[PDB]
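Notes follow the structure.
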Amino acid sequence: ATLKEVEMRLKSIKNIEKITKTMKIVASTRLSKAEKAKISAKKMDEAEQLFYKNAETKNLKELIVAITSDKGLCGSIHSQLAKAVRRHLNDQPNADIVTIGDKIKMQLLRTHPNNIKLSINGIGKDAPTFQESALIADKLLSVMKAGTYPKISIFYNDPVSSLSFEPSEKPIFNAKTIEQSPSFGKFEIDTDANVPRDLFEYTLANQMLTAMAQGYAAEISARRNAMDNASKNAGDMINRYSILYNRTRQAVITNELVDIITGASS
Amino acid sequence: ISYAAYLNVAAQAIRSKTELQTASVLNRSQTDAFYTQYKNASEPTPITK
Amino acid sequence: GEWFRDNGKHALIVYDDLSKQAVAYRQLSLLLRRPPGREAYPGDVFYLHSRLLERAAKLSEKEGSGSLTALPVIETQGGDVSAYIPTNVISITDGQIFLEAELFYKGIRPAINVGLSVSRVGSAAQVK
């Protein structure tokens, strides 16, 4: 209503516009570095998960690892993966949930709080790495006793393209399941070492990465979209408040001027 | 110690002059990751990974 | 109200509201042709309230300890507490209670803006 009201509530939106715009380009560079980190993850999946495709490994209490991130301001990344885990957890209500990222721990803590036994923090700043992947995977084995569940499921977001993403699930098979797979014999594995045991702990770490890298790239492409739409909409308010200002500024001056003219007749 | 964590420590000798060591090598090496255990709302202290 | 104060009793006076008073004062003065001031108010529209509200007091022992407590009311437009009369009166009083429509509809009643309201007298006049 007043010039001061309009000057300070325009200014703040001029900032948000400049700001949300900066993080549209911030998370554009961050997309180039996370398309190469994605491809190197996805290419590596075909090579690792091919053995299982050929050995024909299938399943026979459940650990659910859910992956989004710590950050917000990224469309509906966290909201529609939590939506997936819920439709899944509806069928199997008796499962232990491990969360990677706070924005999915909260989404889930409000819906099935007691199923969550572990949370991973500080997760979506840089790209994901095998070190985070493996050290998350190591605690999984240690504190959750990962190696022992009949079924282990990673929930994550697959980048369909640049402009969208798909909430996806994948299984991890333990040592027992690998060994006792229909076409395991096709491969001449030396049964001395624990090739299945190692193959499991490696694939726990490895396919988590596969998931994190995609979810993360799904996110970086939801963030540069939500911010793209934010700048486009913040600029719409700057159009309203530029005009209202140019108005309220003139009105102020005219009304002080009427006061002055009245005071100057008498 | 576990086959993943075991190959990782091996991935940090081969990672740690500063030549054949681009920016993302010393960023493959750093983790801002803190694991919080949870029971019935939270339970115990958040520890470094 | 002064009769009570001046005789060792205690009056509370509610001036509801000083906005409407200033407006009359403006009407009275323009029709007398006294040259107008800000927003057409009279040059001394501040004195109008300053001398009114100074009368509210707590007298000494020598004067029988009578009090006049004033609770003037002001009405703003679109929460504009920077407007002319409200600025005058805020200058004068020992603090204010700010009421907000925003807070009223959130359920908060009285709709007091706790961060903006103060009492300069403070704890000094509050049952321990």
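Following the order of the structure tokens, first chain is A, next is B, and so on, with residues numbered from 1 inside each chain and ligands from 1 in the order they appear.
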
Query raised in the report: Leaving out range 35-51 of chain C and any residue of its chain fewer than 2 positions from it, which residues lie within 9 Å of it when counting only C-alpha atoms, given as a VMD selection string?
Result: (chain A and resid 255 to 256 259 to 260 262 to 266) or (chain C and resid 18 22 to 23 25 to 27 29 to 30 32 to 33 53 to 55 84 to 85 88 to 89 91 to 93)

**Report entry** Every residue of chain B that DSSP places in alpha helix (DSSP H), as a PyMOL selection string
**Finding:** chain B and resi 3-10+25-28

Report task. Could you jot down the CA of residue 5 in chain B to CA of residue 57 in chain A separation for me, Å, one decimal place? Result -> 24.8 Å

Query raised in the report: Could you name the residues that touch residue 4 in chain B at 10 Å or less, counting only C-alpha atoms, but leaving out those on the same chain fewer than 2 positions away, as a PyMOL selection string?
Result: (chain A and resi 130-131+133-138+198-206) or (chain B and resi 1-2+6-10)

Counting only C-alpha atoms, which residues of range 131-188 of chain A fall within 12 Å of range 83-99 of chain A, and what is the closest atom pair for each with its distance in Å at one decimal, ordered by chain and rising number, as a tab-separated table?
residue	atom	partner	partner_atom	distance
A:136	CA	A:98	CA	10.2
A:137	CA	A:98	CA	11.0
A:139	CA	A:98	CA	10.7
A:140	CA	A:98	CA	8.5
A:141	CA	A:98	CA	11.9
A:143	CA	A:98	CA	10.9
A:144	CA	A:96	CA	8.6
A:145	CA	A:96	CA	10.9
A:146	CA	A:96	CA	10.4
A:149	CA	A:96	CA	9.7
A:150	CA	A:95	CA	11.0
A:151	CA	A:95	CA	9.7
A:152	CA	A:96	CA	9.7
A:153	CA	A:97	CA	9.6
A:154	CA	A:98	CA	9.5
A:155	CA	A:85	CA	7.2
A:156	CA	A:84	CA	9.5
A:157	CA	A:84	CA	10.2
A:166	CA	A:84	CA	10.3
A:167	CA	A:84	CA	6.9
A:168	CA	A:84	CA	8.2
A:169	CA	A:84	CA	8.8
A:170	CA	A:85	CA	11.9

Query raised in the report: Given the choices A:40, A:51, A:237, A:124, which gets closest to residue 71 in chain A if the distance is worked out from only C-alpha atoms?
Result: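 Of the candidates, the smallest distance to residue 71 in chain A is held by A:124.
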
**Report entry** Long-range neighbours of residue 36 in chain A as a PyMOL selection string, 12 Å cut-off, only C-alpha atoms, 6 positions minimum in chain
**Finding:** chain A and resi 29-30+42-43+127+213-214+217

Query raised in the report: Can you tell me how far CA of residue 210 in chain A sits from CA of residue 77 in chain A, in Å to one decimal?
Result: 17.0 Å

Requested in this report: Would you list, as a PyMOL selection string, the residues of chain C that end up in strand (DSSP E or B) under DSSP run on this structure's backbone?
Outcome: chain C and resi 10-15+58+67-72+95-96+99+112+118-119

Okay, now the selection with C-alpha atoms, as a JSON list (two decimals), in the first residue's frame?
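The resulting file, selection39.json, is shown below:
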[["chain", "number", "residue", "atom", "x", "y", "z"],
["C", 10, "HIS", "CA", -8.19, 5.58, 40.48],
["C", 11, "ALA", "CA", -9.81, 6.06, 37.11],
["C", 12, "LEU", "CA", -9.18, 4.20, 33.85],
["C", 13, "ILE", "CA", -10.06, 6.20, 30.77],
["C", 14, "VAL", "CA", -10.60, 4.58, 27.38],
["C", 15, "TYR", "CA", -10.39, 7.03, 24.48],
["C", 58, "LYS", "CA", 0.18, 8.80, 38.80],
["C", 67, "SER", "CA", -4.15, 7.79, 39.17],
["C", 68, "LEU", "CA", -5.51, 8.35, 35.68],
["C", 69, "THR", "CA", -4.63, 5.44, 33.38],
["C", 70, "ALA", "CA", -5.35, 6.10, 29.72],
["C", 71, "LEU", "CA", -6.03, 3.49, 27.09],
["C", 72, "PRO", "CA", -6.35, 5.46, 23.87],
["C", 95, "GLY", "CA", 3.87, 1.41, 24.79],
["C", 96, "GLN", "CA", 1.16, -0.22, 22.71],
["C", 99, "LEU", "CA", -3.75, -6.11, 17.02],
["C", 112, "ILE", "CA", -1.80, -9.42, 19.93],
["C", 118, "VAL", "CA", 5.35, -3.45, 24.67],
["C", 119, "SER", "CA", 4.73, -1.86, 28.02]]
